[PDB]
Amino acid sequence: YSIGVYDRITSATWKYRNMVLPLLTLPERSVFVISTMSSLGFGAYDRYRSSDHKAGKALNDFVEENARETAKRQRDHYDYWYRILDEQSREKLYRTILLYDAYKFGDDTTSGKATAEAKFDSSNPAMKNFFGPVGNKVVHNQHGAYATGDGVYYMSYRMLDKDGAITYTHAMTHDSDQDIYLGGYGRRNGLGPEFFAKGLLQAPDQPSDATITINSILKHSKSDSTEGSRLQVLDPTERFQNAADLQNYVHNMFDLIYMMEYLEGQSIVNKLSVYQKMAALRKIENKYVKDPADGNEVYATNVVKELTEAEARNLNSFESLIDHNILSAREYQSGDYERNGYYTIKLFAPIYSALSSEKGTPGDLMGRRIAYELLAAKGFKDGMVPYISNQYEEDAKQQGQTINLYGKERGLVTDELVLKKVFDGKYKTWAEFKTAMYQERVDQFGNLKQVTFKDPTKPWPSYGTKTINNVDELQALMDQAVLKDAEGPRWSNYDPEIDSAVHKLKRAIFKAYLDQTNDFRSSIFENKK
Amino acid sequence: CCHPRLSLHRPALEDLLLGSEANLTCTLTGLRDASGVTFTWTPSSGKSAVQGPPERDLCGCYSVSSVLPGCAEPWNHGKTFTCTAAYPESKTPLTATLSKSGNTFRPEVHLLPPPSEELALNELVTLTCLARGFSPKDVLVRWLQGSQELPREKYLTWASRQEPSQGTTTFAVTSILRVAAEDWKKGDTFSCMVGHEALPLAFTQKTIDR
Amino acid sequence: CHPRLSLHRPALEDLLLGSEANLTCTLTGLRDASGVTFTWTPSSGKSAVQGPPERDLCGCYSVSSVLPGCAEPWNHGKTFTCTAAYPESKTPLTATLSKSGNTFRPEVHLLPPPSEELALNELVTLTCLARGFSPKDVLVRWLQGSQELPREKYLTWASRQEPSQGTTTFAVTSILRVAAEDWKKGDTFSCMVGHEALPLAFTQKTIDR
């Protein structure tokens, strides 16, 4: 329980306990120790010395303040994760795992973060007096960060920079997702370690990122220019006080997302030609491939393909979009996806698809989407943990559905079992669940909607407001924007991104609604809407 | 540079009735190949469409466009355009509204003697006669005051911008003309007009100066 | 791909009326990795925020930024040779907004001509053609009381060339047909021309008759 360093390194079952004697003898302040709840980071001052920061008062000032800020950010992150978990597994968020820095020290002549890996004979005081005495030969490749399971190592992302915490949350999720973030049960048999991290359970890479994430670390006030295109949570420790607050936040966010997606879908089937509908949409399916780890081929990988013309003409019904498993091509590539890949779902790119594997594992692109939707229906306990944490594995084995894992008979948690257990009487097929969510959202925004929506959707000369008051004007704007993308659809650059007008309108509406209230609390304007 | 797509095409009916060469090539972009691509027209009066002459635009090689660049009897009907010289890779549909004569307008020349405080000599007079007469941008709009064609430098098909007027509004192209003092005393004023796409010429000549 | 320079020509009149000065410099010619790095070699301490890049429809993505934040230099404008680092080439590329004073006096042309020829019984026309160019921006601006309308929505014709031999002159024609009732209603009746050097925005008459 102690946050004190000596009570951590001194304590038994520590990977590098001997790190106390070099630390007590360090001649000068050449190493920093960020000892927060559940982490014991060790860094060198020479890691941040460059041309901009010179050895002396400047380096000591840049490191001390940035280390204090990083400690505060990690403390806020674990405060959030402690407030969320309420299944008495929070008492296990006291493990200690070191966060060694790169060992790539930089002289005052180096322009940026130098890439000279030290060889353990380096004259740099940190290597000679501490990091070298506590030997820990690390692979030290030039770029990337990896979590060995018992620790975390930063090779490129500096631990003190603001981009250090966005990698810190990813590495921690890989390091402790088997008995910490989940209810206590291990990862799902099909999902890999990269599934529970980049797409879900990670802070967003950038504030203006249009991705479905939870800003649990970075606390950025409205003073910064980042307020433009915030598209995320203002304060993590303020917004999230318990699991109910997270469920409500995700519920409101997905309410707005479902409203926008239903508007775009109504724009698709009504005002769009056939040839334009071909390129505007794609079809997602699940392909089963043999994996080297396990002999069984029950695992499914998501594959995105161009839908045929025969399927395009049959997409007239909005319900059909969900049934024919079609997804928008604005942000999702046309190539086949892979398992355990750095794939995240975009915030404004609709996925009307409810594709579910009747086999054990959904995939990656479809897995994260449904999991976030389940978080809207039910909170992190129940909801998301059954979908991604195989806690219903034993039930599967008792009913049937066995799988040969490493030569032993084990339970195979299928999506059908997850659906029949989480929502036993409410739904029977994932398509029904998606349709019921859309219908609830429709009955919602048909009556109660805030008229205070301020979306410019225009060029550099400042445009003050559009003041949409009822969903009909917003649907008309969405129709006009979709028509515009179909016209002149060069798609020249590999990523159109912000250029497409449809994305501009969605981002504007999202930012307007986020700035209207303090945060995502409720998206329903209780009048004759 | 970055896509698979085109740009807006300027339908070519200007060459068909206002020029000796009846070219029928509406401007198209993103086509970098030989002119063997099929041409599709909603309504065809008689003769098959003829693709326009190769030119390089936006670092794009030999770009195809769509001709019947001289079917004058069929052109008189005014049936739409919506040029679609689609490439095999590109979507087949083409669409620029240009069917039966729409929003036709008459020329409104505005030429009057102008005071020249800065030009006491009177050798050169800067007069910008008022224009109109063409609702359709893709037309061989030319000015021919008198029975003799005016200055090669001053004679061309200048582009025009639609101007904010009561009721119907028609684009006008400025026609400033520089002539010698003897020509001014000649009384050979130059008429200024704009011609609609549906009409073969659609040019009206009426001007009075000094 | 290949770098290109386009004269943005930011309205001078809008900048004077506007609380915040409006100025922009952009370079076109980027065909490389999605990540883009842009920096300005010369900084006068004025705001230089960069807006999202806008495609030219031939691919070749090109970045942009603002040069706002200048209110003290009403007539003493800064240099216009932007140089921002890009992913395709580390060396900066010169951007020119062609900043030249070109000081000159502007006189417009108003004529009551052929009443029968220009009247449809209820048709009225006003003649104010812009003459005299000093800066790189010219507008056919018209004064319409205190009414405010979006600049982007309005569409107007560009500059014209009206230069006497041995002299440099520019033309803009501050003309857009509107009701002539205001002229006889006692309301302000002066066409507005935007010139930083001499933006009188009213008819000028020579002493000679």
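If you go along the chain as it appears here, the first residue is 1 and each next one adds 1.
Method on record in the header is electron microscopy, 4.0 Å.
Yeah, the Cβs are placed from backbone N, Cα and C, and that goes for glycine too.
Annotated features in Swiss-Prot:
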| type | residues | note |
| --- | --- | --- |
| DISULFID | B:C26-B:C83 | disulfide bond |
| DISULFID | B:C129-B:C192 | disulfide bond |
| DOMAIN | B:4-99 | domain 'Ig-like 2' |
| DOMAIN | B:107-209 | domain 'Ig-like 3' |
| CARBOHYD | B:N23 | N-linked glycosylation site |
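For the domain 'Ig-like 3' (B:107-209), the number of residues in each DSSP class (helix H, G, I; strand E, B; coil) is 6 helix, 4 strand, 93 coil. In this view, the densest Cβ surroundings among the disulfide-bonded residues B:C26, B:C83 belong to B:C83, judged by other Cβ atoms lying within 10 Å. DSSP states for the domain 'Ig-like 2' (B:4-99), grouped as helix (H, G, I), strand (E, B) and coil, give 11 helix, 2 strand, 83 coil.
Summary: among the disulfide-bonded residues (B:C129, B:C192), the fewest other C-beta atoms within 10 A of the C-beta are counted at B:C129. Taking B:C83, B:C129, B:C192 as the disulfide-bonded residues under consideration, the smallest Cα distance to B:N23 (N-linked glycosylation site) is found for B:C83. With respect to their backbone Cα atoms, B:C26 (disulfide bond) and B:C129 (disulfide bond) stand 30 Å from each other.
B:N23 (N-linked glycosylation site) is surrounded by 17 other CB atoms, counting those within 10 A of its CB over all protein chains shown. A separation of roughly 33 Å, to the nearest angstrom, links the Cα atoms of B:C83 (disulfide bond) and B:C129 (disulfide bond).
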